[PDB]
Each structure stands twice: as structure tokens, then as C-alpha cells.
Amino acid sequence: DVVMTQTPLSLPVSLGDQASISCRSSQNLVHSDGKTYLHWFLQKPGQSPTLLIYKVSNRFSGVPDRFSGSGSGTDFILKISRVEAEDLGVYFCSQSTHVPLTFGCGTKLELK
């Protein structure tokens, strides 16, 4: 299948910091239909995952603009503008261009 790689594993940050999470795919995620089915989910401490950004750069309803996704082919990146306590949790990248649908193992954003 398609292996999703996230770096780093743990990311200590201070409130107000700027940050970027990288996600690399083992295969090109551009679907034959011309769409890139790369997504980002946030799992706050003790919660269930939540859709953050869909199809590389589209923010889901209720998602602040401090979140921006970019990337293409196999390299993608999530940028957080001004880290706030509510951003703490585990970020996972996910692809649905290929079956099986696969996920990365997450990046833990920690208050340093």
C-alpha cells in the first residue's frame, strides 16, 4: 500500500510559535481524475480525530486560517501560524487516492 511518513514524531512548541509538519507518501497521490486526495486530521488530547484540511489545502468548516496545507506529488506540509493551546494534540496525514486508504502515525504537538 501507500506508506505515509510524518516528521517529526514529537514537536515541542511555545504558544505563539510558527510550525510546519511534513508528510511524505510512498507513492504519488495525484489521482487519475486529477485530484490529490491528501488530508490532515487533528486528534486533541482525549478526543477523536477531526478533519482539519482536505485535499491538500482546503480548510474544513470551523478550521482557523492559522492552518495551511501545501505540497504536491509525494511531499506535503501543514503550517500552523500562531500556536495556541487548542492546537495541542496529534496531527495525522491521510490519503484516499489509493486503496487501502492509509494514514501516517501522527505528529505530537507538545507545549515546551
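Start at 1 and count along the sequence shown; that's the residue number.
For the pair 72-80 and 51-59, the record assigns the higher mean C-alpha temperature factor to 72-80. Averaged over Cα atoms, the B-factor as recorded in the entry is higher for 26-34 than for the other of 42-50 and 26-34. Ranked by C-alpha B-factor against the other modelled residues of its chain, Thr102 falls in the lowest third. For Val13, the recorded CA temperature factor ranks within the middle third of the chain's modelled residues.
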